[PDB]
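A.B. asks: Okay, handing you the structure first.
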Amino acid sequence: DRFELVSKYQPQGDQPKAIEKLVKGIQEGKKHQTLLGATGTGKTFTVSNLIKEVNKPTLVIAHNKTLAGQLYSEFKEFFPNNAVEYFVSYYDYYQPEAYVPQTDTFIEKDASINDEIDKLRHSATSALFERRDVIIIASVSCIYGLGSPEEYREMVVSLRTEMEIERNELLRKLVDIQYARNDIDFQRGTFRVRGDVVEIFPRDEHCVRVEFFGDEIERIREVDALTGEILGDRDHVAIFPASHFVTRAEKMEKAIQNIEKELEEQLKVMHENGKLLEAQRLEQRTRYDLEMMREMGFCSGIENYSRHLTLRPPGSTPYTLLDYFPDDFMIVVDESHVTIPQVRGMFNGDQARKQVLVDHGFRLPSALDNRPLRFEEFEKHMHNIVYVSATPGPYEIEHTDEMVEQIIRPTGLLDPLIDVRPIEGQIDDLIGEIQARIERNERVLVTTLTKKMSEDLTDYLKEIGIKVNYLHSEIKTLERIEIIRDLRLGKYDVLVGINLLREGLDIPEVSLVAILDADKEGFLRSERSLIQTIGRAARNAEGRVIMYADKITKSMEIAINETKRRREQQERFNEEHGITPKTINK
Amino acid sequence: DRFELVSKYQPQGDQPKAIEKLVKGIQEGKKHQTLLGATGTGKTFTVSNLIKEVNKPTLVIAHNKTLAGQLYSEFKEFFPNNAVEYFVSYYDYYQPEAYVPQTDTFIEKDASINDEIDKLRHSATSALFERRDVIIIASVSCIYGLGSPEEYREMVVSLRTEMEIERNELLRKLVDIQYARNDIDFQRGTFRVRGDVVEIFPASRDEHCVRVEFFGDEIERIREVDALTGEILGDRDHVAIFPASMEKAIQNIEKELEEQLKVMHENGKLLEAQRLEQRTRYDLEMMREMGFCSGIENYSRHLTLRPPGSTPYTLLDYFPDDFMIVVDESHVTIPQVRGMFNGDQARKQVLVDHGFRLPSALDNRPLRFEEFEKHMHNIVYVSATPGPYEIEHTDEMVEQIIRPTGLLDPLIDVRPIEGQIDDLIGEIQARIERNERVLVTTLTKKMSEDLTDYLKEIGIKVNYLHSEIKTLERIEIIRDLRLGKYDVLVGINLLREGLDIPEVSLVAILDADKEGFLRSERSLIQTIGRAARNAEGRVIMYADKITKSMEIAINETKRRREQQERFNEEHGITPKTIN
DNA sequence: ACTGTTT
DNA sequence: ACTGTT
Ligand SMILES: Nc1ncnc2c1ncn2[C@@H]1O[C@H](COP(=O)(O)OP(=O)(O)O)[C@@H](O)[C@H]1O
């Protein structure tokens, strides 16, 4: 069971030295490692080479779904005959249940499930049991609560051809996973028994037809529900529960008894504290949910009662995707300096929101037990970890003994030239630079601190006659795609906005980045943000960065210096190999 | 009030003659009118001119949401100080309830509402009551069932600044909709009552609050509040509260059910009769308790106490008697509109036949085309290739063929099927050298998949377009083709939005004589148009026979290319590909 | 063809 | 900043 890397290309630039150093690290027993990979060096390809050499089930963590999406595409292209999986949240929209004490307002949980993503998540989890050649591209959804791996093996009806099973036990195993029997009104969530045939109906109007020989599964075939076309014949099939939670029916009565025991104890507490309104709200909400459970078996926000339903002790650590991975497994953190604080921050935020709900009698204290992992908990799972970032964070720096630099680009393209200009005459100067780039058919990206500052420059630039677009803080993964497209094609020559660190703004047509108020206090003015902003001008052979500031900040100095370092190393390699860099590549 | 058209540009080419002829038509009492506007002539502005001159509440119908979207943007730019509204379906996902007799399979209705679209629809409907300077860009959703505009006036709490209303009456008007009073647990669907203040937590996802400050019996101020922050999102002058979301109706359904049960039994349809009682009786108990049930829409005719057979209330009823309708791509929209009713009835009839629904379910339906025709006061069909309906109803056509850019309709060369590919290959190879792109149309997916695989073997950067492609995949594919990632596009349907790109200098119609929908007179004219954004735009038709369809297309192009060439002579214009 | 469509 | 979130 080995990873087969399918590429026409071979490692160029400093990818060979990087792979050798990172594979030796894993072999030598090094846990924490960091790849300092500049943008344009082929980070994914280096990683793919490492994944192949080390041959270990891997987990790729991305700080956003857009980035995760691209990585999945990139990895599926390199490993077509291996298990490349995608594990992200199945909610298309998720408004968590919350209380705003600031205004005495209660926000009910409102969410919408994407069934395609749910199918993908199932492909991912079940793949970890089948084979060792697995790569899972995931978001922070990998540190959130999931069922016990043993519980997963039990709650999934897996059927193979020529398998010995009594038609009647199959039915029991199906009812056990929330399916009903309906030979009269056949639909999603139900199964029907025609002859020596069981038809199972689990979105996507598809259904499994199991033909029985006597006590042996004679044949298994997929059918289109809307047409009745025999869509294809199968050898294996895994039926998943009809519900979105579906609790184990047996262990449910003790759980209801345990909640009532916690509720009574919490009421004596709230009363012997004078919190009477909160105590009234708690009884009303809890007692309702318990009656909904006794009747249906489910209730809205049943997840809050999770600790009691699994009969697990208080304080207990949740089961996560990380538990479905073997002891000997690798983790690769993309944009580590972003992901690490994100991962670290999910527990604190979750507890913060849930604590206010507890304090005001909306939920019992056991609600806090249904949570993502503590960073300490996540750390206990790190077997072999590789942090990937162009600007690694403090955590990665403290844990990596030696950095693994990958700064040389295959195209030979260099990191930009930074010129620092005064704030007095900022705009007129920038205007002249923008005007000059239009003449040369090049594009400009400008950053501000305030949205107001940004809108004002857009309105003035539009008055002069410059084709401009202002980037809003909240932009959809289409408005983005369209905006990058139009700037590339030339519908816009300049882009204004706070935050150029959005995906895909690294365009070959951009020859100038202008950082207005470079010396001012702001997140996007930090050493790391500046280095990342500078990188937006590096896809161009004549790439330049202009910093408008009166003072040179420690942040600016570091950024200016790191760029000098890299630009020099690259220029020295271009001398030794006789290369002249050319813009949009090839 | 009047429509104020805000444009920096003035009508060029044949736009002035078009506007004059179309405005005179409305004034002279016409009836039905058609605007034969070629792609690239600025049809929307001609329409905007007409909308301003005639000054009448208007409805724009588009055959797809993408096209509807662009038109809304275009109209919002021209009338910024008027009511430009968007009315399309609020469902992000809709699987209608259906039965598959071929396999005895029942498909439950599964839906998922887009709240932003719902807000937009409400802005549209309520705007029609407030002002006469309204333009509504809509899809076929405008011929589907809606509440009586009268029932709307009653079931919507509309509040204005000075106003004057009893604080207590406002509460009654809120409870009368579906609002509960909760000062203890304030949340979605409830109202509060603080001091001389009423805080209302509306319907969904925005997570906003309406704070009504009352000066004795006057509405002193109405201001929007961020529920998640407590932040005062902005001050308002008008606000419309929508519902949080009968006995005679329940009695009437039971009366229809009993009558339908005697019928079914007498015909021996016992399984269907069991299914009907079970389903109906359940829904009626759900209605007596809650007031709602899943699929309550099916009972709509009984709930409005209207007679059987009755025509539904539509967006068209909210418009004044004196109103205008503008049909974009009429040769596409008209058949669409006309086809709605037939499909709906077909699906609902099978459900009725098998005892899933009562026969009154058919009364909850879109409009009949005959019904829609009875609403036409002043109608303007806009199309580059008008359909038979528009042709039969328009007395005189209003042509707008002259482009401001001077760009001409392509040159069509007809080549034999024998040597089809080698010839096409040579033409594609030649365009790569000149940095131009190619679009190829086949009939079957085999021919399409097969040419892509062979062109990729030769070394041509190609992409095959799937029959099923999402809006993002479309936008991306075109983008990549413009930027040069691919030099050629292969596929069945080239009539997809935005496929007419300035970089494309060649359209190749493989099996041009082979007869299918996309080989019809009209389809060919639209396919030809994909090469008209280029100054050296050429079309190659691979066929052995010249079909009536081909002749018409070839001739209309000759006509339009000649008129344009003659205009370019008289005004001394040299066309340039604008990229 | 392909998109539209169910207070 | 901005995105994550059986
Ligand atoms: N040695 C190589 N030869 C050719 N292409 C390569 C090589 N290494 C990487 N690539 C490709 O170069 C592209 C650009 O690199 P980059 O923008 O840094 O993306 P990433 O870091 O995600 O791989 C990617 O499509 C990648 O697959």
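Chain identifiers are assigned as A, B, and so on, following the order in which chains appear in the structure tokens; residues are numbered from 1 within each chain, and ligands are numbered from 1 in order of appearance.
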Would you kindly report the residues of chain B within 8 Å of chain C, using only C-alpha atoms (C1' of nucleotides), as number ranges by chain?

C.D. replies: B: 63-64, 89, 96, 139-141, 144-147, 336, 340, 365-366, 492-493, 517-518

A.B. asks: Residues at most 10 Å from ligand 1, using only C-alpha atoms (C1' of nucleotides) and all ligand atoms? Could they come as a PyMOL selection string?

C.D. replies: chain A and resi 7-16+37-48+67+70-71+74-75+77-78+334+388-390+409-411+504+506+539+585

A.B. asks: Can you write just those residues out, N, CA and C atoms, as a compact mmCIF listing (two decimals), in the first residue's frame?

C.D. replies:
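That gives us selection-v9.txt:
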```
# COMPACT_ATOMS: atom_id res chain seq x y z
N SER A 7 3.29 12.82 -12.08
CA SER A 7 3.72 14.12 -12.59
C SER A 7 4.65 13.94 -13.78
N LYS A 8 4.55 14.85 -14.77
CA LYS A 8 5.42 14.84 -15.95
C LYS A 8 6.72 15.55 -15.61
N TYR A 9 6.66 16.49 -14.64
CA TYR A 9 7.78 17.29 -14.16
C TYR A 9 8.60 16.68 -13.01
N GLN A 10 9.84 17.18 -12.86
CA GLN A 10 10.80 16.78 -11.84
C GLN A 10 11.15 18.01 -10.93
N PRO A 11 11.53 17.83 -9.63
CA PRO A 11 11.85 18.98 -8.77
C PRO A 11 12.97 19.88 -9.27
N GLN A 12 12.63 21.17 -9.41
CA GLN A 12 13.47 22.26 -9.88
C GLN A 12 13.75 23.22 -8.74
N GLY A 13 14.70 24.14 -8.95
CA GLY A 13 15.08 25.17 -7.97
C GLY A 13 15.56 24.61 -6.66
N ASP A 14 14.95 25.04 -5.53
CA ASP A 14 15.34 24.49 -4.23
C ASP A 14 14.37 23.46 -3.63
N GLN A 15 13.49 22.91 -4.48
CA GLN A 15 12.59 21.81 -4.12
C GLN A 15 13.43 20.55 -3.81
N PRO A 16 14.49 20.13 -4.60
CA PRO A 16 15.24 18.91 -4.23
C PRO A 16 15.89 18.95 -2.85
N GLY A 37 8.45 28.27 2.67
CA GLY A 37 8.27 28.27 1.24
C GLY A 37 7.67 29.57 0.77
N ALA A 38 8.41 30.29 -0.09
CA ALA A 38 7.94 31.53 -0.70
C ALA A 38 6.79 31.20 -1.71
N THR A 39 5.90 32.17 -1.99
CA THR A 39 4.82 31.92 -2.95
C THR A 39 5.41 31.94 -4.36
N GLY A 40 5.24 30.83 -5.07
CA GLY A 40 5.75 30.65 -6.43
C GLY A 40 6.79 29.55 -6.57
N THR A 41 7.17 28.93 -5.44
CA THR A 41 8.15 27.85 -5.37
C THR A 41 7.57 26.42 -5.52
N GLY A 42 6.24 26.28 -5.61
CA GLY A 42 5.58 24.98 -5.75
C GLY A 42 5.58 24.20 -4.46
N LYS A 43 4.98 24.80 -3.40
CA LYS A 43 4.87 24.24 -2.06
C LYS A 43 4.16 22.87 -2.07
N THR A 44 2.99 22.77 -2.75
CA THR A 44 2.20 21.54 -2.86
C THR A 44 3.00 20.39 -3.48
N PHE A 45 3.76 20.70 -4.55
CA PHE A 45 4.60 19.71 -5.19
C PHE A 45 5.72 19.22 -4.25
N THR A 46 6.35 20.12 -3.47
CA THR A 46 7.36 19.70 -2.49
C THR A 46 6.69 18.74 -1.50
N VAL A 47 5.53 19.17 -0.97
CA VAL A 47 4.74 18.40 -0.01
C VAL A 47 4.37 17.01 -0.57
N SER A 48 3.94 16.97 -1.85
CA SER A 48 3.54 15.76 -2.53
C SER A 48 4.70 14.79 -2.62
N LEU A 67 -9.16 27.74 -0.04
CA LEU A 67 -7.79 27.28 -0.08
C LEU A 67 -7.76 25.78 -0.01
N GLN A 70 -8.75 24.32 -3.51
CA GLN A 70 -7.62 24.35 -4.45
C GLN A 70 -6.62 23.23 -4.16
N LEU A 71 -6.29 23.00 -2.87
CA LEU A 71 -5.35 21.97 -2.43
C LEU A 71 -5.81 20.58 -2.81
N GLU A 74 -5.29 20.19 -6.57
CA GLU A 74 -3.85 20.00 -6.71
C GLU A 74 -3.39 18.58 -6.31
N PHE A 75 -3.88 18.05 -5.17
CA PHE A 75 -3.49 16.71 -4.70
C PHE A 75 -4.13 15.58 -5.49
N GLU A 77 -4.76 15.66 -8.63
CA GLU A 77 -4.02 15.62 -9.88
C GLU A 77 -2.71 14.82 -9.74
N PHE A 78 -2.05 14.92 -8.58
CA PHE A 78 -0.79 14.23 -8.31
C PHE A 78 -0.96 12.77 -7.89
N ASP A 334 -1.13 24.18 6.09
CA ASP A 334 -0.91 25.22 5.09
C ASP A 334 -1.17 26.61 5.73
N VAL A 388 3.77 24.77 6.97
CA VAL A 388 4.11 25.37 5.69
C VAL A 388 3.62 26.80 5.71
N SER A 389 4.53 27.76 5.48
CA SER A 389 4.22 29.20 5.47
C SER A 389 5.33 29.99 4.83
N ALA A 390 4.99 31.12 4.18
CA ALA A 390 6.03 31.99 3.62
C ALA A 390 6.62 32.83 4.77
N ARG A 409 12.56 30.26 -7.08
CA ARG A 409 11.45 30.00 -7.98
C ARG A 409 11.93 29.29 -9.27
N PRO A 410 11.12 28.36 -9.86
CA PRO A 410 11.54 27.72 -11.12
C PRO A 410 11.61 28.71 -12.28
N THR A 411 10.71 29.72 -12.29
CA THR A 411 10.64 30.78 -13.30
C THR A 411 11.80 31.79 -13.20
N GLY A 504 -5.93 34.50 -4.71
CA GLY A 504 -5.84 34.80 -6.14
C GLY A 504 -5.50 36.21 -6.60
N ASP A 506 -2.59 37.52 -6.53
CA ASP A 506 -1.23 37.35 -7.03
C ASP A 506 -1.36 37.24 -8.56
N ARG A 539 4.87 38.16 -9.03
CA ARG A 539 4.58 37.32 -10.22
C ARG A 539 5.02 38.06 -11.49
N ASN A 585 5.11 33.86 -16.94
CA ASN A 585 5.77 32.55 -17.05
C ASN A 585 5.90 32.03 -18.50
```

A.B. asks: Could you check the closest approach to chain D for each of A:245, A:99, A:548, A:129 and tell me which residue wins, using only C-alpha atoms (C1' of nucleotides)?

C.D. replies: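 Closest candidate: A:245.
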
A.B. asks: Got a sec: who's within 10 Å of region 406-413 of chain B, counting only C-alpha atoms (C1' of nucleotides), leaving out chain neighbours fewer than 6 positions off, as an mmCIF file with C-alpha atoms, in the first residue's frame?

C.D. replies:
```cif
data_model
loop_
_atom_site.group_PDB
_atom_site.id
_atom_site.type_symbol
_atom_site.label_atom_id
_atom_site.label_comp_id
_atom_site.auth_asym_id
_atom_site.auth_seq_id
_atom_site.Cartn_x
_atom_site.Cartn_y
_atom_site.Cartn_z
ATOM 1 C CA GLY B 13 -26.772 54.403 -34.858
ATOM 2 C CA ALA B 38 -29.057 42.669 -33.032
ATOM 3 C CA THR B 39 -26.571 41.799 -30.222
ATOM 4 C CA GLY B 40 -24.244 44.790 -29.776
ATOM 5 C CA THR B 41 -26.748 47.597 -30.608
ATOM 6 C CA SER B 505 -12.561 35.091 -34.612
ATOM 7 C CA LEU B 506 -13.941 31.654 -35.725
ATOM 8 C CA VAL B 507 -17.109 29.644 -35.108
ATOM 9 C CA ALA B 508 -17.191 26.128 -36.633
ATOM 10 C CA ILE B 528 -23.257 33.002 -35.866
ATOM 11 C CA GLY B 529 -23.469 35.992 -33.436
ATOM 12 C CA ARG B 530 -20.701 34.430 -31.275
ATOM 13 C CA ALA B 531 -18.162 35.548 -33.982
ATOM 14 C CA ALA B 532 -19.525 39.162 -34.339
ATOM 15 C CA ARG B 533 -17.410 40.696 -31.446
ATOM 16 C CA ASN B 534 -14.328 40.312 -33.678
ATOM 17 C CA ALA B 535 -13.388 42.584 -36.625
ATOM 18 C CA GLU B 536 -12.208 39.493 -38.646
ATOM 19 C CA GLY B 537 -15.139 37.273 -37.504
ATOM 20 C CA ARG B 538 -15.609 34.225 -39.766
ATOM 21 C CA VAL B 539 -18.146 31.266 -39.644
ATOM 22 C CA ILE B 540 -17.647 27.791 -41.162
ATOM 23 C CA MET B 541 -20.650 25.501 -41.737
ATOM 24 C CA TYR B 542 -19.756 21.845 -42.420
ATOM 25 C CA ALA B 553 -29.527 32.177 -41.375
ATOM 26 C CA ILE B 554 -27.033 32.704 -44.258
ATOM 27 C CA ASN B 555 -29.438 35.258 -45.876
ATOM 28 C CA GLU B 556 -30.317 37.230 -42.679
ATOM 29 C CA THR B 557 -26.574 37.549 -41.990
ATOM 30 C CA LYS B 558 -25.942 38.782 -45.604
ATOM 31 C CA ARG B 559 -28.743 41.412 -45.076
ATOM 32 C CA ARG B 560 -27.374 42.617 -41.647
ATOM 33 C CA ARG B 561 -23.666 42.574 -42.762
ATOM 34 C CA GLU B 562 -24.523 44.636 -45.923
ATOM 35 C CA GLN B 563 -26.661 47.327 -44.046
ATOM 36 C CA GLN B 564 -23.789 47.727 -41.554
ATOM 37 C CA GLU B 565 -21.101 47.918 -44.313
ATOM 38 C CA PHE B 567 -23.574 52.636 -42.858
ATOM 39 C CA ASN B 568 -19.800 52.347 -42.202
ATOM 40 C CA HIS B 571 -20.014 57.629 -41.811
ATOM 41 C CA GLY B 572 -16.357 56.626 -42.573
ATOM 42 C CA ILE B 573 -15.848 53.976 -39.808
ATOM 43 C CA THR B 574 -13.179 51.187 -39.684
ATOM 44 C CA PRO B 575 -14.229 48.485 -37.148
ATOM 45 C CA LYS B 576 -11.715 47.494 -34.430
ATOM 46 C CA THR B 577 -11.922 44.558 -32.028
ATOM 47 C CA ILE B 578 -12.374 46.225 -28.612
#
```

A.B. asks: With 6 Å as the limit and counting only C-alpha atoms, what residues in chain B lie close to chain A? Please list them as a PyMOL selection string.

C.D. replies: chain B and resi 103+105-107+186-187+230

A.B. asks: CA of residue 402 (chain B) to CA of residue 525 (chain B): how many Å, to one decimal?

C.D. replies: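 According to the coordinates, CA of residue 402 (chain B) and CA of residue 525 (chain B) are separated by 16.4 Å.
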
A.B. asks: Mind the document's chain letters and residue numbers, and return as number ranges by chain the residues of region 89-222 of chain A that DSSP labels helix (DSSP H, G or I).

C.D. replies: A: 115-130, 140-143, 149-154, 167-175

A.B. asks: Next, write the just-selected residues to a file, as a CSV table (one decimal), in the first residue's frame, keeping C-alpha atoms as the atom set.

C.D. replies:
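Written out: selection_0.csv:
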```csv
chain,number,residue,atom,x,y,z
A,115,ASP,CA,-25.6,16.9,1.2
A,116,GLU,CA,-22.7,16.7,-1.4
A,117,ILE,CA,-20.2,17.8,1.3
A,118,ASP,CA,-21.7,15.2,3.8
A,119,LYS,CA,-21.1,12.4,1.1
A,120,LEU,CA,-17.5,13.7,0.8
A,121,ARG,CA,-17.0,13.6,4.6
A,122,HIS,CA,-18.3,10.0,4.6
A,123,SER,CA,-15.9,9.1,1.8
A,124,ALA,CA,-13.1,10.5,3.9
A,125,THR,CA,-13.9,8.8,7.3
A,126,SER,CA,-14.7,5.4,5.7
A,127,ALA,CA,-11.4,5.6,3.6
A,128,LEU,CA,-9.3,5.7,6.8
A,129,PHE,CA,-10.5,2.2,7.8
A,130,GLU,CA,-10.0,0.7,4.2
A,140,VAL,CA,-10.7,23.1,11.5
A,141,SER,CA,-13.8,20.7,11.1
A,142,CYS,CA,-11.1,18.0,11.9
A,143,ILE,CA,-10.9,19.2,15.6
A,149,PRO,CA,-14.4,5.1,15.4
A,150,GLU,CA,-16.0,1.9,17.0
A,151,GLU,CA,-19.5,3.6,16.9
A,152,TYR,CA,-18.9,4.5,13.1
A,153,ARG,CA,-18.1,0.7,12.3
A,154,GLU,CA,-21.4,-0.3,14.1
A,167,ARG,CA,-33.0,-10.8,4.7
A,168,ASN,CA,-34.7,-10.2,8.1
A,169,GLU,CA,-31.4,-9.2,9.9
A,170,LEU,CA,-30.6,-6.7,7.1
A,171,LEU,CA,-34.1,-5.1,7.7
A,172,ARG,CA,-33.3,-5.0,11.5
A,173,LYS,CA,-29.8,-3.4,10.8
A,174,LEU,CA,-31.6,-0.8,8.6
A,175,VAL,CA,-34.3,0.0,11.2
```

A.B. asks: Skipping near chain neighbours, those fewer than 5 positions away, what residues fall within 9 Å of residue 4 (chain D) using only C-alpha atoms (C1' of nucleotides), listed as a ChimeraX atom specification?

C.D. replies: /A:63-65,139-141,342-343,346

A.B. asks: Neighbours of region 297-303 of chain A within 9 Å (only C-alpha atoms (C1' of nucleotides); same-chain residues fewer than 2 positions away dropped), as a list in words?

C.D. replies: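 So the residues in contact are residues 97, 109, 245, 246, 247, 249, 252, 289, 290, 291, 292, 293, 294, 295, 305, 306, 307, 367 and 370 of chain A; 6 of chain D.
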
A.B. asks: Would you mind listing what lies within 12 Å of residue 220 (chain A) as a PDB file with C-alpha atoms, in the first residue's frame, with only C-alpha atoms (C1' of nucleotides) counted and same-chain residues fewer than 5 positions away left out?

C.D. replies:
```pdb
ATOM      1  CA  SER A 158     -21.886  -2.268   4.677  1.00  0.00           C
ATOM      2  CA  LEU A 159     -23.000  -4.874   2.078  1.00  0.00           C
ATOM      3  CA  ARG A 160     -20.839  -6.974  -0.278  1.00  0.00           C
ATOM      4  CA  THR A 161     -21.883  -9.339  -3.133  1.00  0.00           C
ATOM      5  CA  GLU A 162     -22.000 -13.079  -2.225  1.00  0.00           C
ATOM      6  CA  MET A 163     -22.369 -12.113   1.471  1.00  0.00           C
ATOM      7  CA  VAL A 197     -35.473  -7.973  -3.170  1.00  0.00           C
ATOM      8  CA  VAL A 198     -34.818  -5.123  -0.686  1.00  0.00           C
ATOM      9  CA  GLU A 199     -34.843  -1.596  -2.253  1.00  0.00           C
ATOM     10  CA  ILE A 200     -33.264   1.089  -0.011  1.00  0.00           C
ATOM     11  CA  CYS A 207     -31.420   4.044  -4.412  1.00  0.00           C
ATOM     12  CA  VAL A 208     -29.762   0.649  -3.784  1.00  0.00           C
ATOM     13  CA  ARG A 209     -31.492  -2.577  -4.974  1.00  0.00           C
ATOM     14  CA  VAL A 210     -30.369  -5.678  -3.123  1.00  0.00           C
ATOM     15  CA  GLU A 211     -31.357  -8.993  -4.773  1.00  0.00           C
ATOM     16  CA  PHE A 212     -31.200 -12.101  -2.515  1.00  0.00           C
ATOM     17  CA  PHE A 213     -30.430 -15.708  -3.712  1.00  0.00           C
ATOM     18  CA  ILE A 230     -30.522   0.842 -13.662  1.00  0.00           C
ATOM     19  CA  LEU A 231     -27.683   3.465 -13.209  1.00  0.00           C
ATOM     20  CA  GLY A 232     -25.026   0.714 -12.660  1.00  0.00           C
ATOM     21  CA  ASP A 233     -24.182  -2.633 -10.932  1.00  0.00           C
ATOM     22  CA  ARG A 234     -22.174  -2.651  -7.622  1.00  0.00           C
ATOM     23  CA  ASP A 235     -19.971  -5.160  -5.635  1.00  0.00           C
ATOM     24  CA  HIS A 236     -19.811  -3.199  -2.336  1.00  0.00           C
ATOM     25  CA  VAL A 237     -22.138  -0.594  -0.737  1.00  0.00           C
ATOM     26  CA  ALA A 238     -22.297   1.362   2.533  1.00  0.00           C
TER      27      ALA A 238
END
```

A.B. asks: Excluding same-chain residues fewer than 2 positions from region 209-219 of chain B, what lies within 7 Å of it counting only C-alpha atoms (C1' of nucleotides), as an MDAnalysis selection string?

C.D. replies: chainID B and resid 161:167 196:202 221:227

A.B. asks: Tell me which of A:397, A:18, A:404, A:88 sits closest to chain D, counting only C-alpha atoms (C1' of nucleotides).

C.D. replies: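 Using only C-alpha atoms (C1' of nucleotides), the shortest distance to chain D belongs to A:88.
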
A.B. asks: Could you please determine the separation between CA of residue 471 (chain B) and CA of residue 497 (chain A) in Å, to one decimal place?

C.D. replies: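 Here the two named atoms are 26.2 Å from each other.
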
A.B. asks: Record the distance separating CA of residue 58 (chain B) and CA of residue 313 (chain B), expressed in Å with one decimal.

C.D. replies: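 According to the coordinates, CA of residue 58 (chain B) and CA of residue 313 (chain B) are separated by 18.2 Å.
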